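# A look at the structure
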Amino acid sequence: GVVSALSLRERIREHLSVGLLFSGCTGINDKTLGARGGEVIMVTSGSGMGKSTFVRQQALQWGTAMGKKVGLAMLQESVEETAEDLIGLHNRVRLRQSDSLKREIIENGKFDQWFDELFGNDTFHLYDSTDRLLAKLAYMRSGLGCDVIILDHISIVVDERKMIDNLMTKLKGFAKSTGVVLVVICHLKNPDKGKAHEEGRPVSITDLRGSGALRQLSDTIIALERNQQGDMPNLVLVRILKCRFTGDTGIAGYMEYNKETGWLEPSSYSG
Amino acid sequence: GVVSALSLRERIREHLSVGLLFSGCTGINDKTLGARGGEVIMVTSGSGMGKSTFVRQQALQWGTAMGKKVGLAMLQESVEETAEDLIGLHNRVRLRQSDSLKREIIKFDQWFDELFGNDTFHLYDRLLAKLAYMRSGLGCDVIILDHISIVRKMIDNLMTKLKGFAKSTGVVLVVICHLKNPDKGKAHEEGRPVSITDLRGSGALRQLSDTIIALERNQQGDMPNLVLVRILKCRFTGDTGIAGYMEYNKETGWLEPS
Amino acid sequence: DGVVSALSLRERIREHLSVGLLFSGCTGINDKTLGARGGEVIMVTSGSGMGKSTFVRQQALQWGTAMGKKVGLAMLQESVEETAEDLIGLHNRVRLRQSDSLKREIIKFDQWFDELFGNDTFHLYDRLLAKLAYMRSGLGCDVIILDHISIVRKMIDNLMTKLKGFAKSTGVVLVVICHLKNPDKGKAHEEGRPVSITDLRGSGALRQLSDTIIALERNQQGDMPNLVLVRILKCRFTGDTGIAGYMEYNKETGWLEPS
Amino acid sequence: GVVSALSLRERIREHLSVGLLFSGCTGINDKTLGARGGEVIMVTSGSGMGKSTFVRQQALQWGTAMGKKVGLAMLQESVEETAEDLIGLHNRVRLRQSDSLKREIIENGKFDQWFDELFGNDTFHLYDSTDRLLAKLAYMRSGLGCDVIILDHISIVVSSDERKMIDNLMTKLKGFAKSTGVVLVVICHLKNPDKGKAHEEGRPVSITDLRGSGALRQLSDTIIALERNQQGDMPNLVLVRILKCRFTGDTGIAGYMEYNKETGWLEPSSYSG
Amino acid sequence: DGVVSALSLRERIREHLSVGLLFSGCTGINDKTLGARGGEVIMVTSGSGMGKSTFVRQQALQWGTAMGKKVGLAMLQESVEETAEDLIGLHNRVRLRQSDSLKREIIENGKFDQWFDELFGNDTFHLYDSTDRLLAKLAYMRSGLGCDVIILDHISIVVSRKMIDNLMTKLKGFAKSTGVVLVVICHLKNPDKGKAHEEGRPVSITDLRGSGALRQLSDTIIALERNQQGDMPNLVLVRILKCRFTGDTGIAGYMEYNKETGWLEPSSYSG
Amino acid sequence: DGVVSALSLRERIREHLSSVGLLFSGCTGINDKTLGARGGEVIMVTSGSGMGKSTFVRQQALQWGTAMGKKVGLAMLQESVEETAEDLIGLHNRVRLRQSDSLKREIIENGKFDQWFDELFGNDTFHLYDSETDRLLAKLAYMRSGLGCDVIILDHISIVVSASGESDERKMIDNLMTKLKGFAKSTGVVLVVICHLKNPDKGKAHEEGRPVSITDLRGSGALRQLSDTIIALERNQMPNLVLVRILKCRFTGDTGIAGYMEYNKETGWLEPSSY
DNA sequence: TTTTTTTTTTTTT
Ligand SMILES: Cc1cn([C@H]2C[C@H](O)[C@@H](COP(=O)(O)OP(=O)(O)OP(=O)(O)O)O2)c(=O)[nH]c1=O
Ligand SMILES: Cc1cn([C@H]2C[C@H](O)[C@@H](COP(=O)(O)OP(=O)(O)OP(=O)(O)O)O2)c(=O)[nH]c1=O
Ligand SMILES: Cc1cn([C@H]2C[C@H](O)[C@@H](COP(=O)(O)OP(=O)(O)OP(=O)(O)O)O2)c(=O)[nH]c1=O
Ligand SMILES: Cc1cn([C@H]2C[C@H](O)[C@@H](COP(=O)(O)OP(=O)(O)OP(=O)(O)O)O2)c(=O)[nH]c1=O
Ligand SMILES: [Mg+2]
Ligand SMILES: [Mg+2]
Ligand SMILES: [Mg+2]
Ligand SMILES: [Mg+2]
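Residues numbered from 1 in each chain as written, not as in the entry; some residues may be left out. Chains lettered and ligands numbered in written order. Heavy atoms only, no water. Residues with missing side-chain atoms left out of burial classes, pairs and counts.

### Details of unusual backbone geometry
All names here are of chain F. Positive phi, close to 60°, is recorded for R94, a residue that is not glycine. Residue placement: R94 occurs in the loop between α5 (89-92) and α6 (101-106). At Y275, a position not held by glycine, the phi torsion is positive, near 50°. Residue placement: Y275 occurs in the segment after β8 (256-262). A relative accessible area of 68% means that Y275 is categorised as exposed. (Helix = DSSP H or I, 4+ residues; strand = E, 2+ residues; numbered from the N terminus. Buried < 20%, exposed > 50% of the residue type's maximum accessible area, 1.4 Å probe, protein only.)

What follows is the structure, encoded as structure tokens:
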């Protein structure tokens, strides 16, 4: 592995020739310009502040609009609970929270409309619901060729200090030499001082839990606030708290949550 | 292993296309589609927490009030004990832990044969060639096996014979596994919650099984018999965890839901 | 068939099932786990020097003066004299080996000797399972009590798997003592700290084989170490385990009696 | 080997040690006098507050203006993310953080005018990205002979226990400074705060806030701690704090530095409290 | 066999029972645990380097004039002449080791051999100069010299658990097997929750290095806790912890040092 | 056997009580409470990190190496032979030689440094040593044994315990610390030890003005048993008023706060200050 | 395979 600084005439050049956008909020698209090859983002909100809404939305948007293979690794739930929350979200309805509508649209041929509008040419990919998880994600990257890989709910993949430190180190070091956006989700701690995360705490960088290797091997911290006690509980207040590429840490904007469609859109709110 | 998005075409329709209730802990019927055939309900706890205190309670109310024929096999003990808790539970008076009422009656034949009068109970005192006759020659429908432990490669070569048999027959084949020798913190017995991790023996005690009940109870608390049920990995309705309160009620002896 | 139709399993149970050995001190043992049973390996385990042999050799006297059974003792922790000399002043309610005058003022010696020893009850002992196997065959023992265990992974369980076989063979009421491990978190046991079943030294099968566990929690450097907590930690045959009672000492005389 | 104190008359005088001075701030160069061969220097701050570009700037300033051969072992970000800061740093711009310019400069080939102004001097050496790291540094410094070596992100190299690993390595790296006589700036991180705000948010960092062990303030020679408040109203005024200087005996504030967005070269600000 | 009855015991009580060695300094001790007894093992607990050989050679001396026993001393913590300087100067009430002026004064006053045979003029004390060899060296004092109270100094090079309770249980069995009142010195462990023992802390029965049975096969536990950085480092706290033979324990006594001589004597101290 | 009595000990005490001395410099009270380093003892040096535990040893090796003629041997393991073979030069001649290059430009040519060499090191008083532990005390025994180094100084015990592959790093300490105290007490050579002070938890750390306690010795716990004198230093980097604590002297009967010193930013000498 | 203490730091509790 002895490489001098003189083997870099045509290897820098071809490395010149851009980040995959962030739908629903262009403020994250402003002060990061997306994500690169080897990047590891971190998405977080509180323990119950909708960390499963916008990540699922972005997995939707990067496969039905942009032609990039979104190979998920969701381990909150099984496969038939995330495929349906892809389809019913995409059709702007509530799929898995109404029993008659799951029976109404199963009757009349619109089912193989709503399967084939999404899952067609191997864009979306799903994972069978932890040191073999890395081997399965590398088999996912090498065999299928997916670009964005999401992992969720870090408590299942795991003194939970050395554990989560070795976990974040192993994924950060996995993202080398491959060119893959390995987005991970992790939880916030129980707030040892202050107002709670169920009450809309101002999420600092001092709230990640298990070890401080989460705010030290990331490449972006995207923090959401689903302030349910606030007068906009249909509003995820989104924030860049860490950037290795720019350094702008602040209110990129807002995104408004919708009930019936399940979506959340860019909003035009100010305080 | 990774399975692609093409494999879920009809299976959401198959996901959008109960049976034996759990008399005792009345939230489990709400959360694991009761009991169909071919299930392996796990009753997981540490030695003393209420393995056979709870698992034999199901066989009375699924042997008599359901009418389905039941094969018990409590190989941690013998037939003389497994043919008494049935009687003392069906007759509400504590048989085994009383002295004078053992010899008061000995109307023993009546409370023997009235609850053994069907072809319900076929009790047992290599092993599966003698166990598996319960379902073919006899008609049993709930089969409950207690002990597994003393009963690299000669360990994980067991559950396939049971699971293919459950596939072929359709029997509620409830087998008890145990907890383990702990390593850090409080042990299980004080009221520790046991998630999917804390199980030795094999991973098939919480993975290859279909639905997993765990019993936990504060032993040196206000009462040692406030058990509480947990689901580890449920496949029928997916949702797992805590249903609700049971209590054993030492006056009578039913782990009844509270 | 290995399965047996339970209706055709009748008379063998009709011929089958047709309190017992009480405990002096801590009347929430016999009221709760119902005395003693043949074939048992009971445990009286607490910390080292909590007064375990202020229980385990009080019971050997109460089971030879009112219960009349044969008691084959085993104290390796001292000699036959040093375990038998306390018994006489224990019977006579006078604290013998803790005041110098009455150690030799009496010598009414054989009055106090024969009235508790002229029965052929006690059989002391100064390998050990051979010399407990003779206590059945050549001596006729009815209660066996032992005191110290830690001298005679598998070297700690292959004594307990021989003692459980000896309780299997003869059905003898047996009491056995082992010791607590050292709590590296928090305090020590000796100021009222509750013990768990992991607190047993040596290895990790001295608690499979035992049929119950009894323990004294004693605030040793406390305001008084004369109010002990009895705790059952395991019971195969009554289920209800935990805080049994609180025993005094009554320092004028010295009786572990419930209060 | 046994020695005494009389057979050194003409080799004590050989020491009778010229430094390698910093850049950007000058009070750092007051109370350190540069850096010497056999001297382990340590830079700490939070994550992202300036532990890689502020060290690579000094790797350039010690590697194109002073002719000292400089080697890197960048383990965070590999060769092809770190050359395009060097190139876009020396030219007083922001290269990778715009596609208005990387698109332009390879059309005509003025990339080949901004490129060979630096690396054709053959003073830079890399290591492409956990104990024979020493043995590869030995040839990077014995045959190639880069006269400063930089180790990036030592908390991969600790990925047994912590106390055993990092001391068993750190002793062999201070004994790599000795017996080979190279300067060595090593990068190592911070443990979490207990109470209050953190070391990226702008906490006043102390000496025993390290992580990996407490044997990082013990086998090391100079502790330099940046304090970059990014939540305060001055988000790009970094502070520099010398926490432990063995060779002189001055501790406290060095000075202040400003970070300029359009250029990338941090400038010495003249902030007053 | 080796089986014994409890009928044939009229002889071997009649030939058994047909206080003793008090402890000088803080005479609540013999008021409470009633002196030493033959065939035991005794632990002096104090802080490390805090006087675990000042309250044991005093109690080697006070059993060598008024008791006349064949008192041994076994020192591994020092040499065979500094242990003898202090015993000469101790009863003579002049702090001797700490002064060289009085070691060049009465070398030629001729009262060297006078204060030698004033209290070594008997054949009372015996000594030794440096564990399985120590098995023979603790028994030859019992057989060859006829020693009565052996004091053994060190435990941590005596350990060169299998070397730690091998000592304590075997040399507890040898005590009751030969009647010699063996007295051994212990080391407290290195605590972590807060203070050290050396600054006024109270000690519990756990605090003994090596393994755990040093509290099992020892028969009494004597305490000293001296507040080094306080009003004085000389007021030790005495606390009795374990007592198989009377039972009563607790806060025992409070001594001073009486700085001219070197003699542990008490005071009626309330606090 | 070796069980020798106490009646037949008339002559061995007689040829003993006729050492005690070898006093410190830098302050007064460090010669009160310990009366210097008694030949035989173990003396232990603790400061924080970068707090002068080879300043107050490089300075006390000279007062024992010139003003008393005692053969002093220095095993400085932090460094090499050259940085410490010259740090005594300006020590003696009252300049800061390595810490300022202008004097290093002055005294090359005219040989003032050569007379500064031949003054101190022209005699035979100082011996030095450079750098597991299976040969450390083996190569330290020849200094007192053959060469007669009457004081030996050991620097940085933490880099003879961090250089071994063992099971634990505690047993490997206290299987060597016994050889250290035995080699000290047996031949009666003073052997001084440098060891460090571990992580604190709340408030000020040791380098910010923490009153260090005896249980804070990093590495093991028999460093407060097999020691005869423990010395601890404190400062707040008044960034030079270093005060001294003596933790435990096994010979005499008083320990505590020893004295105040101040370090000289021109010459190199610890002036005992006032406060 | 598992037992028993004894140092040194990390989250969280
Ligand atoms: C239970 C109790 C005992 N004691 C005293 C009476 C006896 O002197 C002594 C009883 O302890 P023992 O039972 O005699 O101790 P042991 O020989 O069993 O030791 P080990 O546990 O290590 O095997 O304590 C009290 O003073 N108050 C009490 O409440
Ligand atoms: C010092 C400083 C840097 N920056 C920017 C410049 C770079 O784009 C980025 C620095 O990133 P890096 O230097 O690459 O990373 P790091 O060493 O600080 O952190 P880690 O230990 O996790 O590897 O931050 C600011 O915006 N303001 C500042 O004051
Ligand atoms: C106990 C005590 C000791 N001292 C002084 C004078 C004593 O000679 C000295 C104690 O010396 P030692 O008793 O010899 O020390 P130690 O036994 O605690 O340590 P080790 O096991 O390593 O041998 O301390 C007092 O001043 N006041 C006191 O109360
Ligand atoms: C005490 C003190 C030290 N110093 C400086 C000058 C000395 O060269 C320096 C000490 O040099 P060293 O003795 O080599 O450093 P250290 O032993 O204190 O710490 P470590 O070896 O573990 O890294 O401290 C002062 O400037 N003023 C002071 O008051
Ligand atoms: Mg006993
Ligand atoms: Mg970086
Ligand atoms: Mg001593
Ligand atoms: Mg130093």
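Alright, that's what it looks like, and here's the rest.
### As for the state of the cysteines
Overall, the coordinates contain zero disulfides over all chains when judged by the stated rule. We note that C26 of chain C lacks a disulfide partner, and the nearest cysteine sulfur, in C235 of chain C, lies 14 Å from it. On the accessibility criterion, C26 of chain C (1% relative accessible area) is buried. No disulfide involves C249 of chain F; its nearest neighbouring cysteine sulfur is the one of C27 of chain F, lying 15 Å away. Given the relative accessible area of 9%, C249 of chain F is considered buried. (Disulfide = S-S within 2.5 Å.)

### Focus: the coordination of the magnesium ion (ligand 6)
Residue and element names in this part refer to chain D. Taken together, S52 (OG) and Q76 (OE1) make up the protein donors of the magnesium ion (ligand 6), found 2.4 to 2.5 Å from the metal. Of this pair, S52 sits in the loop between β1 (39-44) and α3 (53-61) while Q76 is found in the loop between β2 (70-73) and α4 (79-90), placing the two residues 24 residues apart along the sequence. By relative accessible area, which is 24% here, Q76 ends up partly exposed. (Donors = N, O, S within 2.8 Å, 3.2 Å for Na, K, Ca; no water.)

### Some remarks on the sheet that holds strand β8 (residues 252-258) of chain D
One open sheet accounts for nine strands, arranged β1(A)-β3(D)-β2(D)-β4(D)-β5(D)-β1(D)-β6(D)-β7(D)-β8(D); its pairing is mixed. Whereas interior strands pair on both sides, the edge strands pair on one side only; in this sheet they are β1 (2-4) of chain A together with β8 of chain D. Taking each pair of neighbouring strands and ignoring which way they run, the sheet shows an average axis angle of 20°. In the packing of α3 of chain D onto the sheet, the strands contacted are β1, β2, β3 (124-127), β4 (148-151), β5 (183-187), β6 (222-227) and β8 of chain D, and the crossing angle to β2 of chain D comes to about 155°. Strands β2, β3 and β4 of chain D of the sheet are contacted by helix α6 (residues 133-142) of chain D, whose axis makes an angle of about 155° with β4 of chain D. (Pairing = 2+ DSSP bridges. Axes fitted to C-alpha atoms, helices over the stretch in contact; angles between N-to-C directions. Contact = heavy atoms within 4.5 Å.)

### Looking at the nonpolar core
A general trend in soluble globular proteins is that nonpolar side chains are found buried together. By size, the foremost hydrophobic cluster in this structure holds 71 residues, and its most contacted members are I149, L151 and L184 of chain D together with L140 and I152 of chain F. Looking at this core, the element that brings in the most residues is helix α7 (residues 163-177) of chain D, giving six residues. Ignoring anything within four residues of it in the chain, the contact list for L151 of chain D reads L133, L137, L173, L184, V185, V186 and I187 of chain D. (Core = buried A, V, L, I, M, F, W, Y, C linked by side-chain atoms within 4.5 Å.)

### Focus: the coordination of the magnesium ion (ligand 8)
For the magnesium ion (ligand 8), the full set of protein donor atoms is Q78 of chain F (OE1) and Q78 of chain F (NE2), and the range of their distances to it is 1.8 to 2.4 Å. Structurally, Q78 of chain F is set in the loop between β2 (72-75) and α4 (81-85).

### What about the site of ligand 3?
The environment of ligand 3 is made up of 14 residues, and the closest members are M50, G51, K52 and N234 of chain E together with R250 of chain F. At ligand 3, the nearby residues belong to more than one chain, namely chains E and F. At 3.4 Å from an oxygen atom of ligand 3 is found a main-chain nitrogen or oxygen belonging to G49 of chain E. Separating an oxygen atom of ligand 3 from a backbone N or O atom of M50 of chain E is a distance of 2.6 Å. In isolation ligand 3 offers 630 Å² of accessible surface; the protein chains occlude 93% of this area. Split into classes, the residues belonging to the shell around ligand 3 amount to three nonpolar, eight polar and three charged. (Near = heavy atom within 4 Å. Polar contact = N/O pair within 3.5 Å; in protein donor to acceptor, adjacent residues only side chain to side chain. Areas by Shrake-Rupley, 256 points an atom, 1.4 Å probe, with all protein chains shown as cover. Nonpolar A, V, L, I, M, F, W, Y, C, P; charged D, E, K, R; others polar.)

### As for the site of ligand 4
Close to ligand 4 lie 17 residues; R246 of chain D together with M51, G52, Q78 and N240 of chain F are nearest. One of the backbone nitrogen or oxygen atoms of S54 of chain F is found 3.2 Å away from an oxygen atom of ligand 4. For ligand 4, whose unbound accessible area comes to 630 Å², protein coverage reaches 96%. Tallied by class, the residues present in the shell around ligand 4 amount to two nonpolar, ten polar and five charged.

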